[PDB]
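All Cβ positions, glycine included, derive from the backbone under ideal geometry; neighbour counts span all protein chains shown. Please treat every number below as a calculation from the coordinates, not as lab data.
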């Protein structure tokens, strides 16, 4: 299935994932494309935060789900 | 798709639906209430810039679109 991840920069990225896919695995896909380290990647779906040690089905993430990727910046 | 992320407390809020006819101050009100934003002891980060007094333009003028995000920062060690 395909999901939609929107970054704070205003970018819509589509990622190919499965219902049994893990959040950490999704972060790896983001890291592989954007280059942003998984540690700085904070994924939120429908206001609910996603834990690395969880799966998509855990948060009821289905196809065409809109996720928000927040980057924990140390500086500002 | 209002993405409010208060990385000062690590609190993420739900996606709020915004409109062009919606007043900026109305949104700011919700921000100061729900999020806990403040126009005196807080800094509002809009996309990649700060909401300065010069930016008195409304939402439909600032450039709101399908993806609207507001970052709450400032406080002490940031401003």
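Data table
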{"item": "Cα gyration tensor, the protein assembly as shown - rounded (a/c under 1.5), prolate or oblate", "result": "prolate"}
{"item": "For segment A:1-56 versus segment B:25-58, the gap between their alpha-carbon centres in whole angstrom", "result": "28 Å"}
{"item": "Beta bridges by DSSP in chain A, antiparallel share as percent, to the nearest 5", "result": "75 percent"}
{"item": "Where labels lie 7 Å past Cα in the beta-carbon direction, separation of residue B:9 and residue A:72 in nm", "result": "1.8 nm"}
{"item": "Extension gain, residue B:54 back to residue B:79 (0.36 nm per residue minus Cα-Cα distance, nm)", "result": "7.2 nm"}
{"item": "Binned Cα-Cα distances of chain A, short to long, each 10 Å bin given as a whole percent", "result": "20, 61, 18, 2"}
{"item": "For chain A, calculated [θ]222 nm from helices alone, where every DSSP H run of n ≥ 4 adds -39500 (n - 2.57)", "result": "-5000 deg cm²/dmol"}
{"item": "Nearest 10 degrees, 0 to 90: helix A:23-34 Cα axis against chain A principal axis", "result": "50 degrees"}
{"item": "Alpha carbon Rg of segment B:1-62, scaled by the compact-globule rule 2.2 N^0.38 Å", "result": "1.08"}
{"item": "Residue exposure sequence - B:48, A:1 - by fewest surrounding Cβ within 10 Å", "result": "B:48, A:1"}
{"item": "Over chain A, relative contact order from alpha-carbon pairs under 8 Å, at least 6 apart, %", "result": "41 percent"}
{"item": "Helix-derived mean residue ellipticity, 222 nm - over chain B, DSSP H n ≥ 4, -39500 (n - 2.57), to 500", "result": "-3000 deg cm²/dmol"}
{"item": "Fully extended contour minus Cα-Cα distance, from residue B:47 to residue B:33, at 0.36 nm per residue", "result": "3.0 nm"}
{"item": "Chain B, relative contact order in percent, only Cα pairs under 8 angstrom and at least six apart counted", "result": "43 percent"}
